[PDB]
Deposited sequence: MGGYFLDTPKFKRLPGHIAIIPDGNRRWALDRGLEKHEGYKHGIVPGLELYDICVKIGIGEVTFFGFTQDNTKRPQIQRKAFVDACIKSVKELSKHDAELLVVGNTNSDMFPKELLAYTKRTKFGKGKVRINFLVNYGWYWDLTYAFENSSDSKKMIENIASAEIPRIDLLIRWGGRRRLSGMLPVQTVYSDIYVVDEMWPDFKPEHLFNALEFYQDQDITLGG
């Protein structure tokens, strides 16, 4: 799959895990564990076609107020995802509010950017993230927002059909092209990514 122009940095909102699960007659929370392989496959594809940088929207400060069994499933999915990717030649950064009981302690090793393997691509995760916490971070210590190490996003791709930004990195998405996949994130398909890329290269 050959492309006139590619984005330097792709933002991913991996939504639709709960609907995917109910839709299969599973419990809401059971969908998140099916989100991990989609993420590794997107990572593989990005390495092969040469996407420099990928940011995943993990979970916000508000998402922690969801039922416990959901929160634990989606937290556990983000941890598995970072551990797995660290096994596979990723430069990893986790941005989120570490000053919170809801920051998962297993990811404190990744709050400063860490080369793993040949460091093929920069992968960022928003984990216990909040746009308001991100922006106000600067008064307390705009080059200085929480998410300052995450650069401008060229293309944001959202699964699960909703057409909102959900407070993902307000500063870095000011001029980003947005593509919405209707399918749920666990139903990820290479062509979803390629269709976003076809769309991007035309802009």
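- Sequence ranges 1-8, 150-156, 219-224 have no coordinates in this entry (deposited sequence, numbered from 1, C-alpha basis).
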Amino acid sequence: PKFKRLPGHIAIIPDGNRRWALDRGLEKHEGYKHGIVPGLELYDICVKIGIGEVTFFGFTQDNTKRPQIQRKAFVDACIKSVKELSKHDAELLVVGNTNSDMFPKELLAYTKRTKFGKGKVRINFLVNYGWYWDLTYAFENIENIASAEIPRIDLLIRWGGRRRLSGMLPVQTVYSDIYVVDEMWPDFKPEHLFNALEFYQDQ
From here on, numbers count along this sequence of modelled residues.
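- Checked against the other entries of this protein, residue 159 counts as resolved in every one of those spanning it, not missing from a third of them.
- In every other compared PDB entry of this protein that covers both flanking sides, residue 136 is modelled, so it falls short of the one-third threshold for missing coordinates.
- As the entry records it, the average C-alpha temperature factor is higher for 77-85, out of 100-108 and 77-85.
- In this entry, 66-74 shows the higher mean Cα temperature factor of the pair 170-178 and 66-74.
- Within the selection 13, 193, 10, 22, the deposited Cα B-factor values reach their highest point at 22.
- The PDB entry assigns its highest CA temperature factor, among 157, 142, 54, 146, to 142.
- Compared with the other modelled residues of the chain, the Cα B-factor recorded for residue 43 ranks in the highest third.
- When all modelled residues of the chain are sorted by CA temperature factor, residue 32 is found within the middle third.
- Placement of the Cα temperature factor of residue 165 within the chain: highest third of the modelled residues, per the deposited record.
- Per the PDB record, residue ranking by Cα B-factor puts residue 153 in the lowest third of the chain.
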